[PDB]
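To start, the structure under review is shown below, and the notes come after it.
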Amino acid sequence: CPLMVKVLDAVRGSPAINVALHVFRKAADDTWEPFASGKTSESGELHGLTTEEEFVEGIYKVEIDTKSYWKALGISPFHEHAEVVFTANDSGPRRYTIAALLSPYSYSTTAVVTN
Amino acid sequence: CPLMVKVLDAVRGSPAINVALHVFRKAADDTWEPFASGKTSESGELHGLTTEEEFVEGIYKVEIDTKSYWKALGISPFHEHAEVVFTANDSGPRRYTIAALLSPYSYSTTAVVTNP
Amino acid sequence: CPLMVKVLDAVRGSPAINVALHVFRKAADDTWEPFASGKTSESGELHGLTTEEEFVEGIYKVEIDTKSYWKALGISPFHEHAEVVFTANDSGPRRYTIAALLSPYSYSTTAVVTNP
Amino acid sequence: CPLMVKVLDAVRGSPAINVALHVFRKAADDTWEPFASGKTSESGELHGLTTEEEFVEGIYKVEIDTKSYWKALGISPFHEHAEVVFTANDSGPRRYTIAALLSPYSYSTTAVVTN
Ligand SMILES: [Mg+2]
Ligand SMILES: [Mg+2]
Ligand SMILES: [Mg+2]
Ligand SMILES: [Mg+2]
């Protein structure tokens, strides 16, 4: 599992469940091309997006549909979505966890990159 | 001043100075059109991006060039940029402050929205 | 203004207004002595807590009463308060801005430290 | 495991390893009394602080020695420590995860309370 996403809800103090997200890879076109997607689990996590062989160096975008999440809860949100854009880099074995902490008018994202 | 951006450096505990940022607005054909750009001052702020008359209803994207900021300080950061995407003014004009707090492998962004 | 506090509400996207906070300074016997207190304004800021002459070197604690803030808005939050503990002025006088960003089960705090 | 702590390093993008923390319980004295302590693991986590029987309702303080962590890395920090103060509340089965995200001049803490 070279790439995992974890989403937390700062209003309810809970995993953010059933959050849709899409992963894109930058093409030589300089355009965003679909790569993988899913919905977070009851633990707010999404595993199995890609494989070591598929997840080569390049620029990736993770788009988290925060707006639909807050709309489901009946809370007016600010952002259309949360986006995390980064270069995947081979430097020994690397696993990427993208963590996101959601509030209606604020979000934070952190990368935990381990070996 | 309907749109202002403030950027802070969480490593140094300081304004994030000379940070480039670009604002885009979604066009009717769903592409991102350039809207405004600038760089943060000594106070980490960018004022004067637009006017009440120009800042019409729409979907806007603020792209903050965090990578160049960290690189110039000797740091190889995680993110290519921080980008903030939001619908503006769809209930009438508002004043928007976009705040960003930067660390090499993390950032947070908050919006303060006020009624003039 | 050597010490200022700014508090934001991440649920509403607004200043956190009328937030009570108390500042303490560690005494020579390691107890927390009252130092200053006040409440945030309509802009979410609290100015005038102290002066350059009174704000001597020491270990300071800012206790922000986040629980009463959320409760008055109908929300039962996680934290009793947010507290910020730091050594001040031990390399000479500095100006400190303590920023807090509040959500019911989360908060963040950042310091902006500048040389007068 | 009714109470777990997880600490992340936003400068290095990694678990915050070997971070000392102390847990205190408020006494009727209105004073802070030692309850449990430990150091975060290589995954930035600290488990086994208490038990369901011991972790009764009351006010708890988690003090995270962020200053010593940053000093070990040679980075000047702002805070003496990070403190998380909360009331533990019986409302069906509840497990508490205190998560902390550390930067030298900034930290965030979030509570994930699950059933
Ligand atoms: Mg290479
Ligand atoms: Mg309309
Ligand atoms: Mg001295
Ligand atoms: Mg009860």
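Heads up, the Cβs are rebuilt from the backbone with ideal geometry, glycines too, and the neighbour counts pull from every protein chain shown. No value in this document is a laboratory result; all are computed from the given coordinates.
Which one of these is within 17 Å of residue A:109 (Cβ to Cβ), in contact (Cβ under 8 Å) with a residue 40 or more places away in the chain and either in contact with a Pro (Cβ under 7 Å, 6 or more places away or on another chain) or more than 16 Å from ligand 4 (Cβ to nearest atom) (or both): B:96, B:107? From the options B:96, B:107, the qualifying one is B:107.
Across region A:44-67, the qualifying residues are those that are within 12 Å of the chain's Cα centre (by Cα) and among the hydrophobic types (A, V, I, L, M, F, W, C), and the one among them that is farthest from residue D:111 (Cα to Cα) is A:49. So in region D:104-115, with the set limited to residues that are within 12 Å of chain B (Cβ to nearest Cβ) and out of contact with any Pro (no Cβ under 8 Å at 6 or more places or on another chain), which one is surrounded by the fewest Cβ atoms within 10 Å (Cβ to Cβ)? Only one residue tops the list, namely D:110. For region A:47-71, taking the residues that are hydrophobic (A, V, I, L, M, F, W, C) and away from chain B (no Cβ under 14 Å), the one that is farthest from ligand 2 (Cβ to nearest atom) is identified as A:56. Return a yes/no flag: does region D:28-44 have any residue that is within 14 Å of another protein chain (Cβ to nearest Cβ), touching a residue at least 40 places away in the same chain (Cβ under 8 Å) and touching a strand residue (DSSP E or B) at 6+ places or on another chain (Cβ under 6 Å). No, because not a single residue in region D:28-44 is within 14 Å of another protein chain (Cβ to nearest Cβ), touching a residue at least 40 places away in the same chain (Cβ under 8 Å) and touching a strand residue (DSSP E or B) at 6+ places or on another chain (Cβ under 6 Å). Tallying residues that are under 30 Å from residue B:32 (Cβ atoms), assigned to a loop (DSSP other than H, G, I, E, B) and within 14 Å of the chain's Cα centre (by Cα) within region A:1-43 yields 5.
Within region B:34-50, one or more residues are of a type in the set (D, E, K, R), loosely packed, with under 14 Cβ neighbours inside 10 Å and either away from chain D (no Cβ under 14 Å) or assigned to a loop (DSSP other than H, G, I, E, B) (or both). Taken over region B:102-115, the residue count meeting the criterion of being surrounded by 19 or more Cβ atoms within 10 Å (Cβ to Cβ) and either part of a strand (DSSP E or B) or of a type in the set (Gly, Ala, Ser) (or both) is 9. Looking for something within 16 Å of the chain's Cα centre (by Cα), charged (D, E, K, R) and either more than 16 Å from ligand 1 (Cβ to nearest atom) or on the phi > 0 side of the Ramachandran plot (or both) - is there at least one such residue anywhere in region A:68-75? Within region A:68-75 (the criterion being within 16 Å of the chain's Cα centre (by Cα), charged (D, E, K, R) and either more than 16 Å from ligand 1 (Cβ to nearest atom) or on the phi > 0 side of the Ramachandran plot (or both)), the answer is no, since none of the residues qualifies.
Picking from residues in region D:77-89 that are within 16 Å of ligand 4 (Cβ to nearest atom) and not β-branched (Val, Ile, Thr), the one that is nearest to the other protein chains (Cβ to nearest Cβ) is D:86. For residue A:107, are the conditions met, namely being within 16 Å of ligand 1 (Cβ to nearest atom) and among the hydroxyl-bearing types (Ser, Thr, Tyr)? No.
Taken together, D:74, D:92 contain a single residue that is within 14 Å of chain B (Cβ to nearest Cβ) and either closer than 19 Å to residue C:64 by Cβ or assigned to a loop (DSSP other than H, G, I, E, B) (or both), which is D:74. Within region D:73-103, the set of residues being surrounded by fewer than 21 Cβ atoms within 10 Å (Cβ to Cβ), small (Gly, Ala, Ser), touching a residue at least 24 places away in the same chain (Cβ under 8 Å) and within 23 Å of residue C:113 (Cα to Cα) comprises D:76 only. Filter region C:81-101 down to the residues that are crowded, with 17+ Cβ neighbours inside 10 Å, β-branched (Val, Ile, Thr) and either farther than 14 Å from residue C:46 by Cα or within 12 Å of ligand 3 (Cβ to nearest atom) (or both) and list them by number. Matches in region C:81-101: C:84, C:85. Residues in region B:57-73: is at least one touching a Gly at 6+ places or on another chain (Cβ under 8 Å), surrounded by 23 or more Cβ atoms within 10 Å (Cβ to Cβ) and not in a loop (DSSP other than H, G, I, E, B)? No; the residues of region B:57-73 include none that is touching a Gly at 6+ places or on another chain (Cβ under 8 Å), surrounded by 23 or more Cβ atoms within 10 Å (Cβ to Cβ) and not in a loop (DSSP other than H, G, I, E, B).
Within region B:91-101, being in a strand (DSSP E or B) and more than 14 Å from chain D (Cβ to nearest Cβ) holds for B:92, B:95, B:96, B:97, B:98.
Take the residues of region B:4-33 that are within 14 Å of chain D (Cβ to nearest Cβ) and assigned to a loop (DSSP other than H, G, I, E, B): which is surrounded by the fewest Cβ atoms within 10 Å (Cβ to Cβ)? Ranking the candidates gives B:12 first. Quick check: is even one residue across region B:83-90 in a strand (DSSP E or B), within 14 Å of chain D (Cβ to nearest Cβ) and either in contact with a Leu (Cβ under 9 Å, 6 or more places away or on another chain) or among the small types (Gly, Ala, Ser) (or both)? No; the residues of region B:83-90 include none that is in a strand (DSSP E or B), within 14 Å of chain D (Cβ to nearest Cβ) and either in contact with a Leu (Cβ under 9 Å, 6 or more places away or on another chain) or among the small types (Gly, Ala, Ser) (or both). With the structure loaded, tell me whether residue A:79 is in contact with a strand residue (DSSP E or B) (Cβ under 9 Å, 6 or more places away or on another chain) and over 22 Å from residue B:82 (Cβ atoms) or whether it fails that test. Considered against the rule, which asks whether it is in contact with a strand residue (DSSP E or B) (Cβ under 9 Å, 6 or more places away or on another chain) and over 22 Å from residue B:82 (Cβ atoms), residue A:79 comes out as no.
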